[PDB]
Protein chains: 2
Amino acid sequence: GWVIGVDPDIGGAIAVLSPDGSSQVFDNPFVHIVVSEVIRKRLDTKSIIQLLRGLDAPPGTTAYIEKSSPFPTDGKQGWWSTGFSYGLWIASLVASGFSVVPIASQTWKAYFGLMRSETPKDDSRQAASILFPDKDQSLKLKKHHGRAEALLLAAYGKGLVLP
Amino acid sequence: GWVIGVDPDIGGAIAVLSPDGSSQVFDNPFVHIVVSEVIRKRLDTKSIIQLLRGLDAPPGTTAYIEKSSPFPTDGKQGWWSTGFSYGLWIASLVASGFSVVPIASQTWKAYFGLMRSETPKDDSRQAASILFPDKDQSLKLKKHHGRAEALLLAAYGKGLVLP
DNA sequence: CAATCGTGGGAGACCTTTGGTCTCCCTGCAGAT
DNA sequence: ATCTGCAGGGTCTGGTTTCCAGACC
DNA sequence: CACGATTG
Ligand SMILES: [Ca+2]
Ligand SMILES: [Ca+2]
């Protein structure tokens with residue numbers, strides 16, 4: 001039936017697959033914030049909750065969210081933001097009535113044969129283009145790799161296969 | 001006339017002040033989970049949202065939450081967990097209809113004259129017990145300092161003054 | 001259970017299969033279109 | 001706007017605001 | 001503050 005896929009980071013996206021095969025994918029809402037006298041991007045909490053409440057996906061629809069797992073070599077700000085984004089999305093999802101299933105990025109990448117690519121973000125958009133050809137126009141730029149990741153997460157949860 | 005105060009960390013608490021002067025304070029619900037084959041404590045997202053859904057404070061009540069600001073000498077896991085707790089709480093509060101106001105610890109501490117204390121957690125419990133004497137029995141233990149901080153955040157947002 | 005202490009730390013899935021091996025982002029900022 | 005590369009990083013409030021100083025989990 | 005441990 002209905003499946004949600006969430007790529008939670010600041011350039012991420014939420015994809016929504018309906019039972020008739022149609023699909024939506026929305027860039028993650030964000031605002032610009034002053035932190036320690038510079039500008040940072042931070043996810044827009046009220047807009048995310050508004051987006052989720054506007055979905056036609058019925059209550060109880062499963063939302064596959066990519067597990068936050070920053071590298072030990074990522075900096076502490078990277079650890080903080082990935083932590084922050086993950087919690088914001090998990091709480092927004094649970095509160096809006098969806099069942100959250102965290103999925104490791106290795107899990108859906110292996111399902112689609114995408115591990116060890118030397119061009120992983122191009123390949124993700126490529127695979128999402130094939131699974132969702134009406135979204136090909138929305139996946140042409142390299143910055144669209146979060147849209148692809150959300151789409152493939154939902155594709156994984158629905159059990160779609162590449163031809 | 002209602003004011004909410006949130007200490008968002010794992011040993012934190014939510015305080016709820018009503019216009020008639022009564023007060024409630026709840027320890028933050030948590031669960032034990034497995035991460036990297038060890039046990040960690042993690043905030044219980046479903047119980048937080050159900051707790052907020054059961055409050056009598058109406059929509060549009062302001063919730064004062066302590067701004068997460070970990071120290072650069074804190075480890076990256078501390079950074080992730082403070083980020084996660086913050087985002088979980090903020091989304092939970094926004095989704096339950098409350099208006100979130102982030103407050104730095106230095107702000108409410110300076111307001112109650114608690115800066116540079118040699119026993120900061122004890123003084124917080126003492127200040128909260130004086131502002132909310134009917135919570136005195138709930139502030140007896142050293143580990144109740146999260147209950148105190150949540151109370152003091154809400155007392156700050158309300159504009160209460162120490163005698 | 002409650003307190004105290006010292007230092008700041010990956011995590012996950014599956015195989016080789018009760019340990020071993022391999023894999024995975026992200027943020028923040030500058031610089032060049 | 002788009003991208004690319006590279007290393008992995010505090011942040012906050014109120015002073016004497018034009019940055020400093022001192023403070024915090 | 002988290003995290004992982006020991007002490008009371
Ligand atoms: Ca992503
Ligand atoms: Ca606290």
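To find a chain, count down the sequence lines: A is the first, B the second, and so on, and within it residues start at 1. Below, all heavy atoms of this structure are taken into account, side chains as well, without hydrogens, waters or symmetry copies.
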Determine which nucleotide pairs with D:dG5, using a 3.5 Å limit on both distances of a Watson-Crick or G-U wobble pair. C:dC29
For A:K142 and D:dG5, what is the distance between atoms NZ and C1' respectively, to the nearest whole Å? 13 Å
Report yes or no: does A:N28 contribute a side-chain atom to a donor-acceptor pair with the main-chain N or O of A:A13 at less than 3.5 Å? yes
I want to check one thing: is the phosphate of E:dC1, taken as OP1 and OP2, less than 4.0 Å away from some side-chain N or O of B:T82? no
Could you tell me whether the side chain of B:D74 has a donor or acceptor atom within less than 3.5 Å of a complementary atom in the base of D:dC25? yes
Hey, does the side chain of A:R42 reach the backbone of A:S81 with a donor-acceptor pair shorter than 3.5 angstrom? no
Need the pair for D:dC20. Rule: Watson-Crick or G-U wobble, both distances under 3.5 Å, any strand; none if unpaired. D:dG14
Given the rule that positive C1'-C2'-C3'-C4' is north and negative is south, which one is C:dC26? north
Of all the choices, D:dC24, C:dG10, C:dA3, which nucleotide is nearest to the side chain of B:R116 once you look at every atom? D:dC24
So, is B:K109 near the phosphate of D:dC25, with a side-chain N or O under 4.0 Å from OP1 or OP2? yes
Whole angstroms only, please: what is the CG-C1' distance between B:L141 and E:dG8? 14 Å
Considering only atom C1', compute the distance from D:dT11 to C:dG6 and round it to an integer number of Å. 24 Å
What is the nucleic acid contact for A:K140, judged by heavy atoms within less than 4.0 Å: base, sugar-phosphate only, or nothing? nothing
Heavy atoms only, 4.0 Å cut-off, all strands: where does B:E37 land among base, sugar-phosphate and nothing? nothing
With the side chain of B:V35 defined as its heavy atoms from C-beta on, choose the nearest nucleotide among C:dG10, D:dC25, C:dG12. C:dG12
Rounding to an integer number of angstrom, what distance separates C:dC14 and E:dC1 when you compare their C1' atoms? 35 Å
Integer-rounded Å distance: D:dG9 P and A:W80 CH2: 16 Å
State the pairing partner of C:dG9; accept Watson-Crick or G-U wobble contacts with both distances under 3.5 Å, and report none otherwise. none
Rounding to an integer number of angstrom, what distance separates C:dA30 and C:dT17 when you compare their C1' atoms? 47 Å
Closest to the A:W79 side chain: D:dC24, C:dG10, C:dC24? C:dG10
What is the distance from CD1 of A:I10 to P of C:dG28, rounded to the nearest Å? 8 Å
Nearest-Å distance, CD1 (B:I103) to P (D:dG14)? 10 Å
Counting only side-chain heavy atoms from C-beta out, which of C:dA13, C:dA11, C:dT27 sits nearest to B:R40? C:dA11
Is it the case that D:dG14 stacks on D:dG15 (six-membered ring centres closer than 5.5 Å, ring planes within an angle under 30°)? yes
Hey, does B:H145 reach any base, or is it just sugar-phosphate, or nothing, if we go heavy atoms under 4.0 Å? sugar-phosphate
Applying the side chain to side chain contact (heavy atoms under 4.5 Å, CB included) test to B:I48, which of B:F30, B:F26, B:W89 qualifies? B:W89
How far, in whole Å, is C:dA32 from C:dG19 if one measures between their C1' atoms? 49 Å
Taking the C1' atom of each, how far is D:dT16 from D:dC20, in whole Å? 9 Å
Could you check whether the rings of B:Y64 and B:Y156 sit parallel, tilted or perpendicular, using 30° and 60° as the cut-offs? perpendicular
Within this structure, what is the CG-to-P distance between A:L153 and C:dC25, rounded to whole angstrom? 12 Å
Ring pucker hemisphere for C:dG9, per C1'-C2'-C3'-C4' torsion: north
Report the nucleotide, chosen from D:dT13, C:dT27, C:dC26, that has the shortest atom-to-atom distance to any side-chain atom of A:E149. C:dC26
C:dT27 base to A:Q77 side chain: any donor-acceptor pair below 3.5 Å? no
Check whether the six-membered base rings of D:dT16 and D:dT17 have centres under 5.5 Å apart and planes under 30 degrees from each other. no
Taking the same atom, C1', in D:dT17 and in D:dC12, what whole-Å distance lies between them? 15 Å
Answer whether the closest heavy-atom distance between the side chains of B:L152 and B:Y111 falls below 4.5 Å. no
When we call it a touch if two heavy atoms are under 4.0 Å apart, what does B:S36 touch: a base, just sugar-phosphate, or nothing? base
Would the bases of C:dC14 and C:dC15 meet the stacking rule of centres under 5.5 angstrom and planes under 30°? yes
Evaluate whether the aromatic ring of A:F71 and the six-membered ring of the C:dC26 base sit under 5.5 Å apart, centre to centre, with an inclination under 30°. no
Please indicate the pucker of E:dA5, north or south, going by the torsion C1'-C2'-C3'-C4'. north
Quick check for you: among D:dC25, C:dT23, C:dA3, whose closest atom lies nearest to any side-chain atom of A:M115? C:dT23
How is B:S81 classified with respect to the nucleic acid when contacts are heavy atoms under 4.0 Å: base, sugar-phosphate, or nothing? sugar-phosphate
Determine whether a donor-acceptor pair (N or O, by modelled atom type, separation under 3.5 Å) exists between the side chain of A:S99 and the backbone of A:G60. yes
On DNA chain C, more 5' by nearest nucleotide between A:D7 and A:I39 is A:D7
Using ring centroids (six-membered ring only for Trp), state whether A:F112 and A:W108 fall under 6.0 Å. no
Could you go step by step and tell me if A:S129 and A:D136 meet the side-chain hydrogen bond (donor to acceptor under 3.5 Å, both in side chains) rule? CA-CA 5 Å; A:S129 287; A:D136 183 65; 3.3 Å; yes
Using the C1' atoms only, state how far D:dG15 lies from D:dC19, rounded to an integer number of Å. 11 Å
Hey, which of these two, A:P120 or B:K143, hits DNA chain C nearer its 5' end, going by closest nucleotide? B:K143
Of all the choices, C:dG12, C:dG10, E:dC1, which nucleotide is nearest to the side chain of A:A104 once you look at every atom? C:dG12
Picking from C:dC26, C:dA11, C:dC25, which would you name as closest to the side chain of A:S69? C:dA11
Need the pucker for D:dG9. North if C1'-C2'-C3'-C4' is positive, south if negative. north
Closest to the A:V38 side chain, choosing from E:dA2, C:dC29, C:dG12: C:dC29
Atom NZ of B:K76 to atom P of D:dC25: distance rounded to whole Å? 24 Å
Can you tell me how far P in C:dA13 sits from the matching atom in C:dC25, rounded to whole Å? 15 Å
Above 12 or not: heavy atoms from other molecules or residues under 6.0 Å from NZ of A:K46? no
Rounded interatomic separation in angstrom, taking CG from A:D122 and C1' from D:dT4: 13 Å
